[PDB]
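Next comes just one chain, in structure tokens: the form deposited in one PDB entry.
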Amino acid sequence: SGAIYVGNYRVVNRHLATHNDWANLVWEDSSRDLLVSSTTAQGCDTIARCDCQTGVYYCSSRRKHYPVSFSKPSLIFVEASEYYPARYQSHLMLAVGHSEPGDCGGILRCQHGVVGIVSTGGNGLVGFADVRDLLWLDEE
């Protein structure tokens, strides 16, 4: 579990979005595994605006933050998980590291701020849904 709290937006994995998220929906994309809802209180996070390929992510199934190198966001085939069938996921970055389903929502960050959230795992990789292209998160 986990979210990004930027301005008056909550960014969550689409598959973990709640009824309240859907009732306060700003934007969602199944192919990216993202959903954004509106918040009453302003949030503490800054979104990275960069093309970094190194950062640090939180792994809840280890209670640990790990430094990783990661691929640039791409359209990638993802094998079946507990929460999605085998399918193509867009705007996905991969690193070598540990990720189980409940790790979804952990933040990946670089020197510029939040890069994305854990969205995939298995086979010794962790996949992150990028948010650095979503420039509208920084205003309004």
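Numbers for residues come from their place in the sequence shown, where the first is 1. Throughout, rigid core stands for the largest set of C-alpha atoms superposing within 1.5 Å between the two forms. Only residues modelled in both forms are compared.
The same protein also has a form solved in complex with a small molecule, omitted here; what follows describes it.
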Handout entry: 4.5 Å heavy atom contact, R49 to the small molecule in the bound PDB entry
Key = no
Handout entry: Per-residue C-alpha change between this form and the one not shown, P67, threshold 2 Å, rigid core fit
Key = no
Practice task
Compare the position of the CA of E82 between this form and the one not shown after a rigid core fit and state whether the shift reaches 2 Å.
Solution key: yes
Exercise for the section: Send over the list of consecutive residue runs, 3+ long, where the C-alpha shift is 2 angstroms or more at every position between this form and the one not shown on a core fit. Expected result: 79-86
